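Summary of structural features
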Amino acid sequence: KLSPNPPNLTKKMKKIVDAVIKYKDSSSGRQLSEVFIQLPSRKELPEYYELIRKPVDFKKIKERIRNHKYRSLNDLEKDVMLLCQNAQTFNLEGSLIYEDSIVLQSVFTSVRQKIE
Ligand SMILES: Nc1nnc2c([nH]c3ccccc32)c1-c1ccccc1
């Protein structure tokens, strides 16, 4: 049970993550975040957990905002960048999931800059 963040910070983290999650592909209209909202279980995808040291998904990113685990936008950014790097490790270059993760990193940076 961590000490609560200032409300403005919690509110800002949620605003940024909400915008990344809602973002739609600029050609197909697909919500890029969809595959990354909730990890498959270990039973469903054991190869993922065999490879990736610290699985994260947008559900966990929201939990870490909620529980005040992130103490700044930099802590939040580190986990969103980890989510995308994990995608780049488990999926091939030139796969849609890989290339979607590169786009989502750019969306996070852009939205954070705007909300700041
Ligand atoms: N190749 C993937 N690669 N990365 C992830 C993922 N699901 C996630 C759910 C949450 C976080 C990362 C991932 C998948 C996947 C996509 C379709 C079906 C099963 C898993």
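Definitions and limits used
Residues numbered from 1 in each chain as written, not as in the entry; some residues may be left out. Heavy atoms only, no water. Helix = DSSP H or I, 4+ residues; strand = E, 2+ residues; numbered from the N terminus. Buried < 20%, exposed > 50% of the residue type's maximum accessible area, 1.4 Å probe, protein only. Arc of directions from axis to C-beta. Contact = heavy atoms within 4.5 Å. Near = heavy atom within 4 Å. Polar contact = N/O pair within 3.5 Å; in protein donor to acceptor, adjacent residues only side chain to side chain. Areas by Shrake-Rupley, 256 points an atom, 1.4 Å probe, with all protein chains shown as cover. Nonpolar A, V, L, I, M, F, W, Y, C, P; charged D, E, K, R; others polar.

Method of determination, as annotated in the archive: X-ray crystallography, at 1.610 Å resolution.

Going by the annotation in the PDB entry, the name recorded for the protein chain is Isoform 4 of Transcription activator BRG1, with Homo sapiens given as the source organism.

Let's talk about unusual backbone geometry
Of note, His68 is a non-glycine position whose phi angle comes to about 70°, a positive value. Within the secondary structure layout, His68 lies in the loop between α3 (58-66) and α4 (73-90).

Some points on α3
Among all positions of α3, only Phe58, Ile61, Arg64 and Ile65 are buried. Relative to the axis of α3, the buried residues are bounded by an arc of 115° and lie together on one face. Away from its buried face by more than 90 degrees, α3 exposes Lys59 and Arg66. The inward-facing, buried residues of α3 abut α1 (7-22) and α4.

Structural notes on the site of the ligand
For the ligand, the full set of nearby residues is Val35, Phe36, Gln38, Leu39, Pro40, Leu45, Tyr48, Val56, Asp57, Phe90, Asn91 and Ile97. Within the backbone of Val35, an N or O atom sits 3.2 Å from a nitrogen atom of the ligand. In the complex, 75% of the free accessible area of the ligand, which totals 440 Å², lies under the protein chains. For the shell around the ligand, the residue count by class is nine nonpolar, two polar and one charged.

Some thoughts on the side chain of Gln105
Note on placement: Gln105 falls in helix α5 (residues 96-115). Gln105 gets classed as buried once you look at its relative accessible area, which sits at 16%. In this view, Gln105 contacts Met81, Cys84, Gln85 and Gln88; residues no more than four positions away in its chain are not counted.

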